[PDB]
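Here the structure comes first, spelled out in structure tokens, and everything after it is commentary.
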Amino acid sequence: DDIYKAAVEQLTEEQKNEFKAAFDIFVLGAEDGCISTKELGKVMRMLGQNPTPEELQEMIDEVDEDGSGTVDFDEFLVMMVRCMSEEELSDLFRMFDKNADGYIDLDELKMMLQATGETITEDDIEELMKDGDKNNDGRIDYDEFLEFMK
Amino acid sequence: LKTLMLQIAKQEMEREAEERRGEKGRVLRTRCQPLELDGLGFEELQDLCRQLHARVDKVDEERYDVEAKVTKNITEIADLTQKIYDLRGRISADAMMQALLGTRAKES
Amino acid sequence: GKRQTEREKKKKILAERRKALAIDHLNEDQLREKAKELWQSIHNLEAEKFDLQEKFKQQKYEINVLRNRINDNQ
Ligand SMILES: [Ca+2]
Ligand SMILES: [Ca+2]
Ligand SMILES: [Ca+2]
């Protein structure tokens, strides 16, 4: 999410205006002014693609933030930007993992953060852990670490 | 503030790995030292060629031994990867914009 | 059991990789080049001699991480 949101923050107004013009083609004639699998399929086929209904549903689900089953303009911008080393972080992961258990816990994160020399607030520590810990177990596993440092 | 994180992650690549490679330049002349051919006569050269060929055999055997351990770890990695998996159980916007909007696509 | 099969397999693979040294027709200059060639072979084997070792260390640990993951998900 975070890396895509940042890309969105950095689109110019004219870029967003052009994307709006494209979005209007997609949603032409849609009941609720949004893109369903019906509109998405129609445009993909117009473009020469032949997605299955499952691929279409998956394209929508990837960016659907309100569980509407449909794509609004904000979700469309994310879809657009989405359209366009590990060995190295594996060695670095090991350096965080001081008790060698295969997870980075809060203590280990704290130790590393203090070692940076920057002034580390409690908020710095809690938010970084929440940012890294996708499955709410309070620690950062290897796959979470890769996304965290992507 | 997270996008400062991406900068420092990029510096860390741009990093330690490079220093470790260098620390390898230091390791390497420490095992394979320079040849000394100057002043060896014909017979001495024949013997050297036999000596080197024998060394080729020995080094290949040592390489094989490390390779065999690597192979056994692959088997273990493949098995553990299956185990943890069980326990845990287009077109670019560019091309699209050109097609839909034609000339009106400039910025995107 | 498993040991004598590993050993005969090792012998077999090393035998297949071995080159025949034929130097008896070579003059002094050719011998110096032959020596350099053999040296380069040793070098290349020593270099592999690693992508060998460095890999092993990385493996020891995406084994340690895996064993933990399993333990923690059991
Ligand atoms: Ca939606
Ligand atoms: Ca740990
Ligand atoms: Ca986690």
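Chain labels A, B, ... are given in the sequence in which chains occur in the structure tokens; within each chain residues are numbered consecutively from 1, and ligands are likewise numbered from 1 in the order shown.
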- request: Using only C-alpha atoms, determine which residues of chain A fall within 10 Å of chain B; present them as a VMD selection string.
  value: chain A and resid 2 to 3 6 11 to 19 21 to 23 25 to 26 43 to 44 46 to 51 77 79 to 85 88 to 89 91 to 92 128 131 148 to 150
Pull N, CA and C atoms from the residues just selected and write them as a CSV table (one decimal), in the first residue's frame.
chain,number,residue,atom,x,y,z
A,2,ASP,N,1.7,1.4,1.0
A,2,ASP,CA,2.5,2.6,1.3
A,2,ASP,C,3.2,3.2,0.1
A,3,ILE,N,3.9,2.3,-0.6
A,3,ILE,CA,4.7,2.7,-1.8
A,3,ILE,C,3.8,3.2,-3.0
A,6,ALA,N,2.3,6.7,-2.0
A,6,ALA,CA,3.4,7.7,-2.2
A,6,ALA,C,3.5,8.1,-3.7
A,11,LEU,N,1.6,12.3,-8.3
A,11,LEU,CA,1.1,12.6,-9.7
A,11,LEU,C,0.8,14.1,-9.8
A,12,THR,N,1.1,14.7,-10.9
A,12,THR,CA,0.7,16.1,-11.2
A,12,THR,C,-0.8,16.1,-11.4
A,13,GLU,N,-1.3,17.3,-11.3
A,13,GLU,CA,-2.7,17.6,-11.6
A,13,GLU,C,-3.1,17.2,-13.1
A,14,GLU,N,-2.2,17.6,-14.0
A,14,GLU,CA,-2.5,17.3,-15.4
A,14,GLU,C,-2.5,15.8,-15.7
A,15,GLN,N,-1.6,15.1,-15.0
A,15,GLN,CA,-1.5,13.6,-15.1
A,15,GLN,C,-2.8,13.0,-14.6
A,16,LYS,N,-3.3,13.5,-13.4
A,16,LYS,CA,-4.6,13.1,-12.8
A,16,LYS,C,-5.8,13.4,-13.7
A,17,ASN,N,-5.7,14.6,-14.3
A,17,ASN,CA,-6.7,15.0,-15.3
A,17,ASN,C,-6.8,14.0,-16.5
A,18,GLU,N,-5.7,13.6,-17.0
A,18,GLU,CA,-5.7,12.6,-18.1
A,18,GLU,C,-6.2,11.3,-17.7
A,19,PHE,N,-5.8,10.8,-16.5
A,19,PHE,CA,-6.4,9.6,-15.9
A,19,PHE,C,-7.9,9.7,-15.7
A,21,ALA,N,-10.0,11.4,-17.6
A,21,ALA,CA,-10.5,11.3,-18.9
A,21,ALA,C,-10.6,9.8,-19.3
A,22,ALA,N,-9.6,9.0,-19.0
A,22,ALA,CA,-9.6,7.5,-19.2
A,22,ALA,C,-10.6,6.8,-18.4
A,23,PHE,N,-10.7,7.2,-17.1
A,23,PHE,CA,-11.7,6.7,-16.2
A,23,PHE,C,-13.1,6.9,-16.7
A,25,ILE,N,-14.1,7.0,-19.8
A,25,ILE,CA,-14.4,6.0,-20.8
A,25,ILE,C,-14.8,4.6,-20.2
A,26,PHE,N,-14.0,4.2,-19.2
A,26,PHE,CA,-14.4,3.0,-18.4
A,26,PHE,C,-15.8,3.0,-17.9
A,43,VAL,N,-13.7,-2.8,-21.6
A,43,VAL,CA,-12.5,-2.0,-22.0
A,43,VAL,C,-11.3,-2.9,-22.3
A,44,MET,N,-11.0,-3.9,-21.5
A,44,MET,CA,-9.9,-4.8,-21.7
A,44,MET,C,-10.0,-5.5,-23.1
A,46,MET,N,-11.8,-4.3,-25.7
A,46,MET,CA,-11.6,-3.2,-26.6
A,46,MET,C,-10.1,-3.0,-26.9
A,47,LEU,N,-9.3,-3.2,-25.8
A,47,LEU,CA,-7.9,-3.0,-25.9
A,47,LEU,C,-7.2,-4.2,-26.5
A,48,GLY,N,-7.9,-5.3,-26.8
A,48,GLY,CA,-7.3,-6.4,-27.4
A,48,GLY,C,-6.9,-7.6,-26.4
A,49,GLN,N,-7.3,-7.4,-25.2
A,49,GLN,CA,-7.0,-8.4,-24.2
A,49,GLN,C,-8.2,-9.4,-24.0
A,50,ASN,N,-8.0,-10.6,-23.5
A,50,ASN,CA,-9.1,-11.5,-23.2
A,50,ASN,C,-9.0,-12.1,-21.8
A,51,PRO,N,-9.2,-11.2,-20.8
A,51,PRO,CA,-9.2,-11.8,-19.4
A,51,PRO,C,-10.4,-12.7,-19.1
A,77,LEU,N,-6.6,5.3,-9.9
A,77,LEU,CA,-5.2,5.9,-9.8
A,77,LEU,C,-4.2,4.9,-9.3
A,79,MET,N,-4.6,1.5,-9.4
A,79,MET,CA,-4.6,0.5,-10.5
A,79,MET,C,-3.6,1.0,-11.6
A,80,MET,N,-3.6,2.2,-12.0
A,80,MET,CA,-2.7,2.8,-13.0
A,80,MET,C,-1.2,2.7,-12.6
A,81,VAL,N,-0.9,3.2,-11.4
A,81,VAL,CA,0.5,3.2,-11.0
A,81,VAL,C,1.0,1.8,-10.8
A,82,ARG,N,0.1,0.9,-10.3
A,82,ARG,CA,0.5,-0.5,-10.1
A,82,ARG,C,0.9,-1.1,-11.5
A,83,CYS,N,0.2,-0.7,-12.5
A,83,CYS,CA,0.4,-1.2,-13.9
A,83,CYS,C,1.9,-1.0,-14.3
A,84,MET,N,2.5,0.0,-13.8
A,84,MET,CA,3.8,0.5,-14.2
A,84,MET,C,4.9,0.4,-13.2
A,85,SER,N,18.6,-6.1,-3.2
A,85,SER,CA,18.1,-7.4,-3.5
A,85,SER,C,17.6,-8.2,-2.3
A,88,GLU,N,20.3,-9.5,-0.7
A,88,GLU,CA,20.8,-8.5,0.2
A,88,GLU,C,20.0,-8.3,1.4
A,89,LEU,N,18.6,-8.4,1.5
A,89,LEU,CA,18.0,-8.0,2.7
A,89,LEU,C,18.0,-9.2,3.7
A,91,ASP,N,20.6,-11.1,4.5
A,91,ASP,CA,21.8,-10.9,5.4
A,91,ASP,C,21.6,-9.8,6.4
A,92,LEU,N,20.9,-8.7,6.0
A,92,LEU,CA,20.6,-7.6,6.9
A,92,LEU,C,19.5,-8.1,8.0
A,128,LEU,N,6.6,2.0,13.5
A,128,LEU,CA,7.5,1.2,12.6
A,128,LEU,C,7.1,-0.3,12.7
A,131,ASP,N,3.8,-0.8,11.1
A,131,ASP,CA,4.0,-0.7,9.7
A,131,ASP,C,4.6,-2.0,9.2
A,148,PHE,N,8.5,-4.5,4.1
A,148,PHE,CA,8.9,-3.4,5.0
A,148,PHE,C,10.1,-2.5,4.5
A,149,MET,N,11.0,-3.2,3.9
A,149,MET,CA,12.2,-2.5,3.3
A,149,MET,C,12.2,-2.3,1.8
A,150,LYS,N,11.0,-2.9,1.1
A,150,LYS,CA,10.9,-2.8,-0.3
A,150,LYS,C,11.2,-1.3,-0.8
- prompt: Mind listing as a ChimeraX atom specification which residues of chain B are within 9 Å of chain C, counting only C-alpha atoms?
  reply: /B:28,31-32,35,37,41-43,45-46,48-50,52-53,55-57,59-67,69-70,73-74,76-77,80-81,83-84,87-88
field: Pairwise distance for atom CA of residue A:116 and atom CA of residue A:129, rounded to one decimal in Å
entry: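 Computing it gives 16.2 Å between the two atoms.
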Around ligand 2, at most 9 Å away and counting only C-alpha atoms and all ligand atoms, which residues are there? Put them as a PDB file with N, CA and C atoms, in the first residue's frame, please.
ATOM      1  N   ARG A  94      19.152 -11.016   9.367  1.00  0.00           N
ATOM      2  CA  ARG A  94      19.917 -11.754  10.373  1.00  0.00           C
ATOM      3  C   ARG A  94      20.531 -10.827  11.422  1.00  0.00           C
ATOM      4  N   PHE A  96      19.313  -7.902  12.477  1.00  0.00           N
ATOM      5  CA  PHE A  96      18.257  -7.470  13.390  1.00  0.00           C
ATOM      6  C   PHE A  96      17.909  -8.570  14.392  1.00  0.00           C
ATOM      7  N   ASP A  97      17.940  -9.818  13.914  1.00  0.00           N
ATOM      8  CA  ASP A  97      17.421 -10.972  14.654  1.00  0.00           C
ATOM      9  C   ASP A  97      18.431 -11.471  15.697  1.00  0.00           C
ATOM     10  N   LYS A  98      18.583 -10.706  16.771  1.00  0.00           N
ATOM     11  CA  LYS A  98      19.666 -10.950  17.725  1.00  0.00           C
ATOM     12  C   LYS A  98      19.593 -12.271  18.504  1.00  0.00           C
ATOM     13  N   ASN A  99      18.391 -12.758  18.797  1.00  0.00           N
ATOM     14  CA  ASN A  99      18.280 -14.076  19.424  1.00  0.00           C
ATOM     15  C   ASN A  99      18.175 -15.231  18.408  1.00  0.00           C
ATOM     16  N   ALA A 100      18.332 -14.921  17.120  1.00  0.00           N
ATOM     17  CA  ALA A 100      18.325 -15.924  16.039  1.00  0.00           C
ATOM     18  C   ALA A 100      17.063 -16.805  15.938  1.00  0.00           C
ATOM     19  N   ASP A 101      15.898 -16.264  16.295  1.00  0.00           N
ATOM     20  CA  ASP A 101      14.662 -17.048  16.255  1.00  0.00           C
ATOM     21  C   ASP A 101      13.881 -16.957  14.936  1.00  0.00           C
ATOM     22  N   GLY A 102      14.382 -16.168  13.990  1.00  0.00           N
ATOM     23  CA  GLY A 102      13.722 -16.004  12.697  1.00  0.00           C
ATOM     24  C   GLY A 102      12.672 -14.901  12.672  1.00  0.00           C
ATOM     25  N   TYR A 103      12.586 -14.104  13.743  1.00  0.00           N
ATOM     26  CA  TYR A 103      11.641 -12.975  13.813  1.00  0.00           C
ATOM     27  C   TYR A 103      12.313 -11.745  14.397  1.00  0.00           C
ATOM     28  N   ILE A 104      11.899 -10.563  13.968  1.00  0.00           N
ATOM     29  CA  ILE A 104      12.357  -9.345  14.615  1.00  0.00           C
ATOM     30  C   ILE A 104      11.272  -8.898  15.597  1.00  0.00           C
ATOM     31  N   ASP A 105      11.578  -8.933  16.893  1.00  0.00           N
ATOM     32  CA  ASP A 105      10.621  -8.480  17.908  1.00  0.00           C
ATOM     33  C   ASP A 105      10.824  -7.008  18.284  1.00  0.00           C
ATOM     34  N   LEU A 106       9.975  -6.504  19.187  1.00  0.00           N
ATOM     35  CA  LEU A 106      10.015  -5.092  19.537  1.00  0.00           C
ATOM     36  C   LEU A 106      11.335  -4.682  20.179  1.00  0.00           C
ATOM     37  N   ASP A 107      11.850  -5.512  21.080  1.00  0.00           N
ATOM     38  CA  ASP A 107      13.135  -5.243  21.718  1.00  0.00           C
ATOM     39  C   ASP A 107      14.253  -5.109  20.687  1.00  0.00           C
ATOM     40  N   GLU A 108      14.306  -6.055  19.755  1.00  0.00           N
ATOM     41  CA  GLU A 108      15.338  -6.068  18.715  1.00  0.00           C
ATOM     42  C   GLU A 108      15.227  -4.847  17.816  1.00  0.00           C
ATOM     43  N   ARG A 139       5.464  -8.983  15.732  1.00  0.00           N
ATOM     44  CA  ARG A 139       6.830  -9.161  15.245  1.00  0.00           C
ATOM     45  C   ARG A 139       6.889  -9.174  13.730  1.00  0.00           C
ATOM     46  N   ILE A 140       8.090  -8.933  13.212  1.00  0.00           N
ATOM     47  CA  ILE A 140       8.332  -8.846  11.786  1.00  0.00           C
ATOM     48  C   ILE A 140       9.067 -10.099  11.316  1.00  0.00           C
ATOM     49  N   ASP A 141       8.358 -10.929  10.552  1.00  0.00           N
ATOM     50  CA  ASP A 141       8.977 -12.111   9.983  1.00  0.00           C
ATOM     51  C   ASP A 141       9.748 -11.753   8.713  1.00  0.00           C
TER      52      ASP A 141
END
- request: For ligand 3, collect every residue having any atom at a distance of at most 7 Å from a ligand atom (counting only C-alpha atoms and all ligand atoms); output as a list in words.
  value: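 The residues near ligand 3 are residues 133, 134, 135, 136, 137, 138, 139, 140, 141 and 144 of chain A.
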message: Please return as a list in words the residues found within 9 Å of ligand 1, counting only C-alpha atoms and all ligand atoms.
response: residues 34, 35, 60, 61, 63, 64, 65, 66, 67, 68, 69, 70, 71, 72, 73, 74 and 75 of chain A
query: In chain B, what's helix (DSSP H, G or I) per DSSP? Answer as number ranges by chain?
result: B: 2-11, 17-28, 42-88, 93-104
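Pairwise distance (atom CA of residue A:111, atom CA of residue A:146) equals 19.5 Å.
You will find atom CA of residue A:95 at 9.1 Å from atom CA of residue A:112.
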